[PDB]
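**Q** Build me a model:
(chains A and B, ligands or ions: 4)
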2 protein chains.
Amino acid sequence: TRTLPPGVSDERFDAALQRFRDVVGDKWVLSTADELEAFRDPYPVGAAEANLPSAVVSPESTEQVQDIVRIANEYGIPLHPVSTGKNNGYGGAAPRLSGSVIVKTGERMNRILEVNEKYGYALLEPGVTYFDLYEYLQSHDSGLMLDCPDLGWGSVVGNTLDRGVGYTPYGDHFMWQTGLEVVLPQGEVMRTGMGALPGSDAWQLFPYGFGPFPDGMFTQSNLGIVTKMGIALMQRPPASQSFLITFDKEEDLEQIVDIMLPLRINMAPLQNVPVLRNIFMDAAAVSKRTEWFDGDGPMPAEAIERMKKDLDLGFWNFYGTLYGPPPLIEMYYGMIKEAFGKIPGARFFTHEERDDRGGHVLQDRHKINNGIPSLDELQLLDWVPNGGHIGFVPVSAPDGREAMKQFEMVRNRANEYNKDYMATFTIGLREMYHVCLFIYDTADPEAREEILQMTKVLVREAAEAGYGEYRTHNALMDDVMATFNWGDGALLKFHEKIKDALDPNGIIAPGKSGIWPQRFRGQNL
Amino acid sequence: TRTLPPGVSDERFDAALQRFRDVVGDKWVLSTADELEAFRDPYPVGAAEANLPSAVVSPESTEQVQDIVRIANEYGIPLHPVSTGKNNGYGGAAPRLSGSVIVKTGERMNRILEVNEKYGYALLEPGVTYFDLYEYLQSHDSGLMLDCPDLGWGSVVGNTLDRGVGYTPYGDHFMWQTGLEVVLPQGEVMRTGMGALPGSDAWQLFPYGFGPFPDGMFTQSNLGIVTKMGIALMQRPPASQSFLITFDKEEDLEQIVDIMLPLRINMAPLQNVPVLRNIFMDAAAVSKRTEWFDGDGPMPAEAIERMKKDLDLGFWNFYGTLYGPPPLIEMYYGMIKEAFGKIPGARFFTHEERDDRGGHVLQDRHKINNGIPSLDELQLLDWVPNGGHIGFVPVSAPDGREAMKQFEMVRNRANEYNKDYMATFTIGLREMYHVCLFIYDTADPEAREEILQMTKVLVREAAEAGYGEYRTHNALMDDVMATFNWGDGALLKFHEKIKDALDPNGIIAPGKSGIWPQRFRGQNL
Ligand SMILES: *Cc1cc2c(cc1C)nc1c(=O)[nH]c(=O)nc-1n2C[C@H](O)[C@H](O)[C@H](O)COP(=O)(O)OP(=O)(O)OC[C@H]1O[C@@H](n2cnc3c(N)ncnc32)[C@H](O)[C@@H]1O
Ligand SMILES: *Cc1cc2c(cc1C)nc1c(=O)[nH]c(=O)nc-1n2C[C@H](O)[C@H](O)[C@H](O)COP(=O)(O)OP(=O)(O)OC[C@H]1O[C@@H](n2cnc3c(N)ncnc32)[C@H](O)[C@@H]1O
Ligand SMILES: [Cl-]
Ligand SMILES: [Cl-]
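**A** Numbers count the residues shown, from 1 in each chain, chains lettered A, B, ... in the order given. Ligands and ions are numbered 1, 2, ... in the order given. Provided below are the atomic coordinates:
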């Protein structure tokens, strides 16, 4: 059946579509079933269809965004704004609320507005991808570098707006975001920070401006449609070196984390974001599951040992990058070798020593950690046929016993739902992430349903242990928000009040982060 | 005449005071004229009285804060929450709206709730001063250090909540703030971040939690009364060295700023916040104005030269601190000497090489930049009789020509009012602050009115040139917010909608940051 916005008739939707065409042009409104297939979640969760877009609208300008938002208010049409819509693992471009119209800002709002070499920043529209920005920097012989997530095809803006992350010293994208322009839910436009001061040259220099600081309220949010965003860009160091440390035993995790923290908290000698990937992650990056095991159920111990030996990797594989003059790199690498060398069985490899099959991940991290965008990690999805993933990422204290607890409890449930445990432990400065990716056959309804049910259990069990997630998929947003319920659900009640005040007609991305406007609240959508 | 809350009769206010006494205890409510004198602005602006408190209430707990807020909602009494109320330069403890009750959270909510050595943080109530936290760290032989503003007697929490700043690598207090507990305007209590996840140990480890990030909305804000706040603490480095660079000429500012930026933007070799103080700042720290000039009008050129020669200082005096092992400090100091040594007349001094009166400021900066709180800068107020100051701090790009423009325009305007130009230029990473202090005789109604009228002009002239202030005094909040008026005042309209949604009775700090609730809007208060 044709996908319609909730409460909106075929005829009223057709009227709204024509109003959108009048704003953006006929070819920039998509509403046929075949056209919309490409905007469904590529990695669907649950057997049942969910998260169905009713249309896609591609505006060319801020003023067009304002007009789209005004039309949506008049007709009661929910809008799901995206930049590039590559939020794969968390829903892709698909809306939380079925029937919503996707506003694909990045299709035509794709300009690099400014790159400032001296102060080190960019001012971007949503359609600038990491590859686009890297191409600009390279072609202009920039002394700046970007900070990219594992895949380069997403949006510098869109990624930041979901509090996405990379792995250089500038890996906290929201931290380095500086200034934004946003269309609020009834169509008015606002600039944050020094952008609110007409004529200021400091929109991308000083984030806070004057008065209450609002920019974080537009991340993981449904309070507007962002049209411009600034971000600081780090100067490229004179040299860099990447390294891999393999650790042979599953149980080494405890000691690895307990050494990682003191080496990272002062930003030296671990200068970049530490990443500790398990053998399943690294094998999936370079091989298919059937190279190792073609049977039913969890991978047996003998097959895991074959992965390790054939790829010359450990159960846990640490990747880091060092920056600066050669003497500084040498000093820091010596400190890291001395410290992690206390773990029996640790072995060390630099990016210049190892470029075999098993070292493909090291070479990829060397690119990523130097702001060179990549799509090599798409090979993960070849682990099984029709591969897709969901991301499950609890936050905790950077404590080795806490890490072991999380490793074991997540792997136990993964085994029970017939999913491989693919995980990375990372530390920011003082916090730990358990970055779990679950890869499955997206064409199998049973596997889809298992992913949904397993991850609901993982969310609950993590919360029972005092862990909450930093980001989640459409299918889990209500459940994750429900875990943040100190003080009888005070946080969500606060967000709801703000949502209803800014969005009285309940238009923007209803249900994002579990935050529903009044007209949809308590309706099991 | 007795100061009353707007619209509240003397009899109703007396009843409300008894209600407050029943919550906090009779001795913890102040309401006599003499009791309230200490809570008036110590450094008043304008000849006419303004910013008069009606009472002070000192709660002992979050629950008492909630009860106070509920009473205030019932009676329509505005509340001005403070921590220690030492916001001198910006109004002291005094409320923006005359007649408001000051809620002095820090008098009795003064506990250090946790200092965590391994992860490097503190969880604090509002009454913990920098001196208190320093005493704790020293007495427990901590390996951590704090980051303090110039004066140590304020609140780690209160300072952060006005986006105050210090001078170590952790000088951006809000950046390092991690988690808070707040009583919202109708008395509900909420925890931000991982504090919303019951049982999480990461409240002070991971700032953002899940969903829209709100904590910045409680800074320079009137959206609640904060009762707990976390902040990260840096590890103390193994050694440190401070230095002064004297620059002889007024016009050296251009070249100094243009060298400061490249040496700071990568956080090395300028590892701490660079501060470039003019001769008036450094003289005022150690001497009275009449030592140099007792006449009418601006300070003559001959007297400026006498200050320089007597103190062995420049017109512009750069102060910095280096940290790390001795060899690292030596390397960075050599880089700094090489770079700034390109300016003719530059002279260099370490903190071990100046024991003269002129070196007093270097000794003070060496304390502050090492997280050792001080009150030595109170001597600034002895520049003139009954001395007080107001702070005027525009934000701009870290460009030497922009610095010269700001220097000249501010000094020109100050000269019209016979007020000395006391300024510091600082850089964060990519932004510049023009930290102006105007010192005046607080007992002289003509001086008070000059300061008001001068600073209103300075705000306007700065905005005309594209500079906006990062923070301001009660007297200037309406004028400063009016400068951030891109998009026909879009920013303020947004803040107003949020204020009215969270504070329907218009209770919390009306007019803070120029943000007035509906009941007071457009009333010239
Ligand atoms: C499959 C996968 C994913 C992945 C990854 C590795 C694999 C194998 N590694 C990641 C990593 O290292 N870091 C990270 O942050 N993400 C990683 N991912 C996930 C994903 O690939 C990336 O995050 C990707 O960059 C996200 O997609 P994109 O950049 O296209 O962003 P988007 O879909 O457009 O927007 C995301 C959400 O943000 C809000 N949004 C976006 N634009 C707007 C505008 N203009 N206004 C308002 N809100 C906006 C929406 O909520 C949107 O859904
Ligand atoms: C005179 C002077 C001042 C000064 C300075 C040098 C001189 C000579 N150097 C400073 C510096 O280096 N850095 C800086 O940030 N400030 C500097 N100052 C100004 C002042 O001394 C300090 O900022 C001082 O620490 C501020 O006072 P305090 O720390 O006592 O903070 P407060 O008055 O209690 O609160 C300030 C405002 O914040 C909001 N607030 C505070 N507590 C709450 C709670 N609990 N809930 C909600 N809002 C709260 C209020 O708006 C309050 O007015
Ligand atoms: Cl609006
Ligand atoms: Cl409330």
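
**Q** Now do the strands in the stretch 251-400 of chain A.
**A** Counting by DSSP state E, counting those that start in this stretch, one finds strands in the stretch 251-400 of chain A at the ranges A:275-278, A:316-323, A:347-350, A:387-392, A:394-396.

**Q** and of those strands, who's closest to residue A:157?
**A** Residue A:157 sits nearest to strand A:387-392 of all those, at 19.6 Å, using C-beta to C-beta. Backbone N, C-alpha and C define where each C-beta goes, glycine included.

**Q** neighbouring strands for that closest one, and are they parallel or not?
**A** Strand A:387-392 sits in its sheet next to strand A:432-441 (antiparallel), going by DSSP bridges.

**Q** ok, the nearest residue to residue A:354 once chain neighbours are set aside - contacts?
**A** Once flanking residues are discounted, residue A:354 sits nearest to residue A:362: 6.1 Å by C-beta to C-beta, 6 or more residues apart in numbering or on different chains. Residue A:362 sits next to A:242, A:243, A:244, A:319, A:349, A:351, A:354 when contact means C-beta atoms under 8 Å, 6 or more residues apart in numbering or on different chains.

**Q** just these now: which is nearest ligand 4?
**A** The closest of the contacts of residue A:362 to ligand 4 turns out to be residue A:319 (C-beta to the ion; 46.1 Å).

**Q** and the residue in the stretch 301-450 of chain A that ligand 2 sits nearest to, what is it in contact with?
**A** Of all residues in the stretch 301-450 of chain A, the one sitting closest to ligand 2 is residue A:429 (23.2 Å; C-beta to the nearest ligand atom). Taking C-beta under 8 Å, 6+ apart, we find residue A:429 in contact with A:264, A:265, A:267, B:232.

**Q** what's near enough to touch the third one?
**A** Shown in contact with residue A:267 (C-beta under 8 Å, 6+ apart): A:169, A:429.

**Q** The first one now?
**A** Taking C-beta under 8 Å, 6+ apart as the definition of contact, the neighbours of residue A:264 are A:270, A:274, A:427, A:429.

**Q** Ignoring the adjacent residues along the chain, who's closest to it?
**A** In space, residue A:264 comes closest to residue A:270 once its chain neighbours are excluded; the distance is 4.2 Å by C-beta to C-beta, 6+ apart.

**Q** so how many other residues sit close to that neighbour?
**A** Counted with other C-beta atoms under 10 Å in any protein chain shown, residues neighbouring residue A:270 total 24.

**Q** Equivalent analysis for the one 5 residues further on, please.
**A** Residue A:275 has 24 neighbouring residues, counting by other C-beta under 10 Å.

**Q** Show me which residues of the stretch 51-200 of chain A sit near chain B.
**A** Contacts of the stretch 51-200 of chain A with chain B, taken as C-beta under 8 Å from any C-beta of the partner chain, map to A:118-121, A:163, A:174-175, A:184, A:188-192, A:194-200.

**Q** what would the contacts of residue A:264 look like in CSV with distance to residue B:474?
**A** Formatted as CSV, the contacts of residue A:264 follow (distance: C-beta to C-beta, whole Å):
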residue, distance to residue B:474
A:270, 45
A:274, 46
A:427, 43
A:429, 36
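
**Q** Sounds good, over and out.
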